[PDB]
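*Asks:* Protein chains in written order, with the deposited numbering: chain B, 24 to 266, 274 to 297, 312 to 383; chain A, 19 to 302, 310 to 385.
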Ligand SMILES: N[C@@H](Cc1c[nH]c2ccccc12)C(=O)O
Ligand SMILES: N[C@@H](Cc1c[nH]c2ccccc12)C(=O)O
Ligand SMILES: [K+]
Ligand SMILES: [K+]
């Protein structure tokens, strides 16, 4: 229930007026995420759209927390949204890899969290962001470049707030408690040398990242910075239709994919996982529409739905692996270089 | 109580060991050279595991010193020089490394200050410290803001081992504390571990000369040593020089008029001491135990026999309070003057050598 999720976090409901505006402003149709309700919520997107209308530049900011097995396809969603956004407005993108957060939260040696951090970057670079417009960084290694901001953010946030907003308690470690300043800092242009002096930030994130951003927004004025704007993506469910072997991984083979879908995909179009997967990955609106119409009229079977989902997901992973196989460890360096 | 302090109540309220003359003797044998007068005159009163640091030395194992200063807007008073003098000595006696954390972060995080200022003040305090004349080849002085990231791993590892329950019980944090403050003790703890500095031997033991008010950081550091696979730091504690009325053995300054500052003119030093220094003298021997001028000498008179001569003479009424004050004036005066002429000669080249982690 998406209205209840919006109510709990207290952000705004996304709407199609905002998609039209974005389409109008980009001279190209809004990415289908905005059209299919995958982007369902926001804070101040209108204001970021106003920034584009006034031909002022904005920049994107998103993050990823390590915890490596291979990444699955659900993990690509905000990053795809950033790719489209970068390619539409040829704008800069900063990606935070939270090796520190994963270390501080999970039972994990730091070297491993950092090691997973690097693979996640290789995996993320795969989606083909512009190296001249994208800065991806490890927190452990590189959040000190905006140390001043971290301190400044940290000073404005008392434990009272930290607890209420994040649910810390007497057993939270003092790293966890300090960490939100490191997630908030990249929300401000002053955090990066390579970004214009008062560029607005746009933060595409799982809705569940919101508290960082309501908070960042509350402290912006006190810090003399522009309020970031944010947009939220629904989370792709696993194939059973929920949140192990029923996720679709980025290193799954073509046959592994056809297996997982035929076996586990729950098959009434509001409950149908194969359609839902299609909502997220099938490029063609006229095509997707055929299947929504088709299943609804009973002119298409669950067998056919599964199988169209199969080939679409197969087209996606195959594109991904074709690029992945070619990401050299040299290529990784262009993205993490600050200088 | 002007000079006299119940050192044992201070030692018990913290959980540390008391210093003894056995440890100074051990220090003499091991360095060949005599033990710094700090160790002989009661100024090093408490410690944790100094016997073990001595055992490291005796075992041809290296150690390093670590100490700190939070920068302030204000000129620091001569009291502030005490643990840094102890380091200068320890460094020269063992030709060992020293790391000095300037906590511009802490001062920013705790005070009503722009970060820019804390950092500026930090940079002045590095000039202030270098003045005391350390070995450029063995001393790393750094700002936390610029430089603590070279040990962000240790900060992160340390941060994992300290929960809020503990952070509060130990440091007195509350709901109105900011989250920078709460995380800060990991940053003070980190330099206790040789791995926090690339240029120090794999597992060299740390020795922290400190005000006892700093113990909680080190008790905690020692508690997390095993957790981190690191050697427990040793710690020795200095009794703080009192103000001229005695009493305020705070690193913080009470009534400026009753403290001697590193920028006081010679006549101010005389005026201040003669006017406000509380004396042991009787109405009409002398009461050494409360005599503030003698206490100052205990801290600053680099000559043992001359100290003994004033002590003796005082106890048997052979020396007057005016005379004790007088000698106290000359000693403080010379110390401040040598300090000030040294400050002038400190170039930025001097400074840049102390500041650069690449030197080692
Ligand atoms: N903490 C997030 C990662 C992250 C950091 N910064 C972000 C900004 C936007 C979205 C996500 C992030 C996670 O565990 O996944
Ligand atoms: N909290 C200390 C600063 C400090 C950091 N590390 C230290 C090590 C030793 C002594 C003091 C310090 C102070 O303001 O005094
Ligand atoms: K900037
Ligand atoms: K080391």
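For each residue, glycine too, the CB sits at the ideal point set by N, CA and C.
State yes or no: is the C-beta of residue 81 of chain B within less than 8 angstroms of the C-beta of residue 74 of chain B?
*Replies:* As a position in the first chain, residue 81 of chain B is number 58, starting the count at 1. As a position in the first chain, residue 74 of chain B is number 51, starting the count at 1. Yes, they are a contact pair.
*Asks:* Could you work out which residues of chain B lie near residue 180 of chain A, taking near to mean beta carbons separated by less than 7 angstroms?
*Replies:* Taking the second chain and counting its residues from 1, the one referred to as residue 180 of chain A is at position 162. Going along chain B in sequence order, the residues near residue 180 of chain A (Cβ under 7 angstroms) are 196, 197.
*Asks:* Report, in whole angstroms, the separation of the C-beta atoms of residue 371 of chain A and residue 145 of chain A, which I expect to be a contact under 8 angstroms.
*Replies:* What you label residue 371 of chain A is simply residue 346 of the second chain in a count that begins at 1. What you label residue 145 of chain A is simply residue 127 of the second chain in a count that begins at 1. So it is a contact: roughly 6 angstroms between Cβ atoms.
*Asks:* Rounded to a whole number of angstroms, what is the C-alpha to C-alpha distance between residue 94 of chain B and residue 120 of chain B?
*Replies:* As a working note, residue 94 of chain B is residue 71 in the first chain. As a working note, residue 120 of chain B is residue 97 in the first chain. Whole-angstrom Cα-Cα distance: 14 angstroms.
*Asks:* According to the Cβ coordinates, are residue 180 of chain B and residue 196 of chain A closer than 8 angstroms?
*Replies:* Within the first chain, numbered from 1, the residue matching residue 180 of chain B stands at position 157. Within the second chain, numbered from 1, the residue matching residue 196 of chain A stands at position 178. Yes.
*Asks:* Distance check for residue 52 of chain A and residue 328 of chain A, CA to CA, integer angstroms please.
*Replies:* The residue labelled residue 328 of chain A in the question sits at position 303 within the second chain. The residue labelled residue 52 of chain A in the question sits at position 34 within the second chain. Taking the straight line joining both Cα atoms gives about 12 angstroms.
*Asks:* From what residue to what residue does the beta strand (DSSP E) around residue 87 of chain B run?
*Replies:* Taking the first chain and counting its residues from 1, the one referred to as residue 87 of chain B is at position 64. Run containing residue 87 of chain B: 81-87, per the beta strand (DSSP E) assignment.
*Asks:* Closer than 8 angstroms between beta carbons: that is the criterion. Which residues of the segment 128-145 of chain B meet it against chain A?
*Replies:* The residues in question are 133.
*Asks:* Measuring alpha carbon to alpha carbon, tell me which residue in A/135, A/166, A/38 is nearest residue 167 of chain B.
*Replies:* In the first chain, counting from the first residue as 1, residue 167 of chain B sits at position 144. Of the listed residues, the one whose Cα sits closest to residue 167 of chain B is A/166.
*Asks:* Using beta-carbon positions only, say whether residue 294 of chain A and residue 263 of chain A come within less than 8 angstroms of one another.
*Replies:* Within the second chain, numbered from 1, the residue matching residue 294 of chain A stands at position 276. Within the second chain, numbered from 1, the residue matching residue 263 of chain A stands at position 245. Yes, the Cβ-Cβ distance between residue 294 of chain A and residue 263 of chain A is below 8 angstroms.
*Asks:* Kindly provide the chain-ordered list of residues whose Cβ lies closer than 7 angstroms to any non-hydrogen atom of ligand 3.
*Replies:* Qualifying residues come out as B/212, B/213, B/215, B/216, B/218, B/219, B/220.
*Asks:* What is the residue span of the beta strand (DSSP E) that residue 117 of chain B lies within?
*Replies:* Reading the first chain from its first residue, position 94 is the one you call residue 117 of chain B. Its beta strand (DSSP E) spans residues 116-120.
*Asks:* Can you tell me whether residue 302 of chain A is buried or exposed, with buried defined as 16 or more other CB within 10 angstroms of its CB?
*Replies:* For this step, residue 302 of chain A is matched to residue 284 along the second chain. Classification for residue 302 of chain A: exposed.
*Asks:* Sort out for me which residues DSSP pairs residue 35 of chain A with in a bridge.
*Replies:* For this step, residue 35 of chain A is matched to residue 17 along the second chain. DSSP, once it has assigned bridges, lists A/65 as partnering residue 35 of chain A.
*Asks:* So that I know if they touch, is there some Cβ in chain B lying closer than 8 angstroms to that of residue 123 of chain A?
*Replies:* To locate residue 123 of chain A, count along the second chain from 1; it is residue 105. Residue 123 of chain A counts as touching chain B.
*Asks:* Please tell me whether residue 236 of chain A and residue 253 of chain A are closer than 8 angstroms, where the distance is taken between their beta carbons.
*Replies:* Position 218 of the second chain, counted from the start, is the residue given in the question as residue 236 of chain A. Position 235 of the second chain, counted from the start, is the residue given in the question as residue 253 of chain A. In contact: residue 236 of chain A and residue 253 of chain A (Cβ atoms closer than 8 angstroms).
*Asks:* Can we count residue 240 of chain A as close to ligand 2, meaning its CB is less than 7 angstroms from some heavy atom?
*Replies:* Working through the second chain from its first residue, we reach residue 240 of chain A at position 222. Answer for residue 240 of chain A: no, Cβ out of range of ligand 2.
*Asks:* Buried or exposed for residue 122 of chain A, going by 16 or more other Cβ atoms inside 10 Å?
*Replies:* For the purposes of this step, residue 122 of chain A is taken as residue 104 along the second chain, with counting starting at 1. With 16 or more Cβ atoms within 10 Å of its Cβ, residue 122 of chain A is classed as buried.
*Asks:* Who pairs with residue 225 of chain A in a beta bridge, going by DSSP?
*Replies:* One-based indexing of the second chain puts residue 225 of chain A at position 207. According to DSSP, which records beta bridges pairwise, residue 225 of chain A is partnered with A/83, A/252.
*Asks:* Residues of chain B with a CB under 8 angstroms from the CB of residue 175 of chain A: which are they?
*Replies:* Sequence index remark: in the second chain, residue 175 of chain A carries index 157 (1-based). Ordered by position in chain B, the residues that pass the 8 angstroms Cβ test against residue 175 of chain A are 133.
*Asks:* So, does the segment 105-118 of chain B touch the segment 333-345 of chain B, judging by three or more C-beta pairs under 8 angstroms?
*Replies:* Counting Cβ pairs under 8 angstroms, fewer than three are found: no touch.
*Asks:* Return the CA-CA distance between residue 91 of chain B and residue 108 of chain A, expressed in angstroms with no decimal places.
*Replies:* Stepping through the first chain from its first residue, residue 91 of chain B is reached at position 68. Stepping through the second chain from its first residue, residue 108 of chain A is reached at position 90. Going from the Cα of residue 91 of chain B to the Cα of residue 108 of chain A covers about 48 angstroms.
*Asks:* Would you mind telling me which residues of chain A sit closer than 9 angstroms to residue 236 of chain B, beta carbon to beta carbon, in chain order?
*Replies:* In the first chain, counting from the first residue as 1, residue 236 of chain B sits at position 213. Those within 9 angstroms of residue 236 of chain B in chain A number zero; the least Cβ separation is about 16 angstroms.
*Asks:* In chain B, which residues lie less than 9 angstroms from residue 201 of chain A when you measure between Cβ atoms?
*Replies:* By 1-based counting over the second chain, the position of residue 201 of chain A is 183. 177, 197, 198, 200, 201, 202, 204, listed in chain order.
*Asks:* Hey, out of A/218, A/221, A/176, A/192, whose CA is closest to residue 206 of chain A's CA?
*Replies:* As a working mapping, residue 206 of chain A is identified with position 188 in the second chain. When only C-alpha atoms are compared, the closest one is A/176.
*Asks:* How far does the alpha helix (DSSP H) with residue 367 of chain B in it reach, from first residue to last?
*Replies:* Position 323 of the first chain, counting from 1, holds the residue named residue 367 of chain B. From DSSP, the alpha helix (DSSP H) with residue 367 of chain B extends over 346-368.
*Asks:* Listed from N- to C-terminal order along the chain, which residues in the segment 152-166 of chain A have their beta-carbon within a distance smaller than 7 angstroms of any beta-carbon of chain B?
*Replies:* Against chain B - using a Cβ distance shorter than 7 angstroms - the residues of the segment 152-166 of chain A are 163.
*Asks:* Spatial neighbours of residue 283 of chain A within its chain, please: C-beta separation below 8 angstroms, excluding the five flanking residues on both sides.
*Replies:* The residue you call residue 283 of chain A lines up with position 265 of the second chain. No residues qualify anywhere along the chain.
*Asks:* Can you tell me whether residue 31 of chain B sits near ligand 2, meaning its C-beta is under 7 angstroms from at least one heavy atom of the ligand?
*Replies:* By one-based count along the first chain, residue 31 of chain B stands at place 8. Checking the Cβ of residue 31 of chain B against ligand 2 gives no.
*Asks:* If you check the beta carbons only, do residue 42 of chain A and residue 66 of chain A fall under 8 angstroms apart?
*Replies:* In the second chain, residue 42 of chain A corresponds to position 24, counting from 1. In the second chain, residue 66 of chain A corresponds to position 48, counting from 1. No, these two residues do not count as a Cβ contact at 8 angstroms.
*Asks:* Quick check on DSSP: helix, strand or coil for residue 172 of chain B?
*Replies:* Translated into the one-based positions of the first chain, residue 172 of chain B becomes position 149. Three-state DSSP puts residue 172 of chain B in a helix.
*Asks:* Suppose contacts are defined by Cβ-Cβ distances below 8 angstroms. Is residue 336 of chain B in contact with residue 319 of chain B by that definition?
*Replies:* Within the first chain, residue 336 of chain B is the residue found at index 292, counting from 1. Within the first chain, residue 319 of chain B is the residue found at index 275, counting from 1. A contact, by the Cβ cut-off of 8 angstroms.
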